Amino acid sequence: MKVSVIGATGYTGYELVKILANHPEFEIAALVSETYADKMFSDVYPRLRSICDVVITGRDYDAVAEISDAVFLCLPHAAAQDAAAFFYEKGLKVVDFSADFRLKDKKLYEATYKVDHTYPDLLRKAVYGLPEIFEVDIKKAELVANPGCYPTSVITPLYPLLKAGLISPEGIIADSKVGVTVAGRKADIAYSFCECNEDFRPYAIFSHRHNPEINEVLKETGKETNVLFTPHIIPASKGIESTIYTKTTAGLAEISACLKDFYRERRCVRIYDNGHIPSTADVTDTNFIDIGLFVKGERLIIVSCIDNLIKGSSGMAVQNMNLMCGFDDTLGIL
């Protein structure tokens, strides 16, 4: 099966190509980048020399659609909508890395971006690609909205606890931290080495687009949540750690059993209830999500770690494409 990557020279595209080169079913057709067209992919990433030397092509979406059965969209806001619309109408399967199709409520989209959605009819066909929760919907999908990296680390541990009513839906605080790769492959001074090295900073206080995504997805548990989310930048390349504060009516063993029962068949989910504390190094360069549970009285603290570029992006995207194409979601990953 032929797949193409639009915006292939970014960091999410690099991590995607690494997985795709070893995937037993997906064959790389085209890698699209206007900046690096006509260059080999290994010219941009010499680490992949002799592993993936595919010549990068420009944004000729017509030629891409003729040689591809499915497409990964590693494109920024708005540009992702245009590409998703084009390749969807050509009959291809589409995984969109952007946030543009994650909020199915148009009024919530407009509340977040202050503008209308450009393809509202296409929006109603998008499925939220959190593979360990919405697998049934994803298998029936043609357009998948790849979840955000932060929401992946927060929704995954919270969803089964709220569904079973073991924690309060009110007052949840998610204090999350990410490596600099969250910005993507950018030349801006804000993401230069000398500005980011040795620096740790919060950002997007009261205003990050992932906050509405988190609360809108947790609605599906039947509980209305008002999760407060605050992101931070780590002076490291990759990794997310989310320290999540909740109120609980259950103890450590009951909370642990709820999470381990819900994800019993999911080999990418590693849950700890023995005092082990996950860190970003435990999940960097893997597709795992590590969840640590800690209970004192009526307070539950969850530590949730992922590689933002893999389980938070490209690895989760391969899981979604696997599900849409009838394969096991972990095929080519584990």
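Start at 1 and count along the sequence shown; that's the residue number.
Stretch comparison (273-281 versus 26-34) by mean CA B-factor in the PDB entry places 26-34 on top. Averaged over their C-alpha atoms, the temperature factors of 9-17 and 307-315 are higher for 9-17. Among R185, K238, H210, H232, the highest C-alpha B-factor recorded in the PDB entry belongs to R185. Residue set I255, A145, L158, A141: peak C-alpha B-factor at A141 (per PDB entry). Annotation for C74: CA B-factor lies in the middle third of the chain's modelled residues. Among all modelled residues in this chain, the alpha-carbon of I56 has a temperature factor (C-alpha) in the highest third. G171: CA B factor in the middle third of modelled residues in this chain (values from the PDB entry). Sort the modelled residues of the chain by CA B factor and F200 lands in the lowest third. When the CA B factors of the chain's modelled residues are split into thirds, the value for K177 lands in the lowest one.
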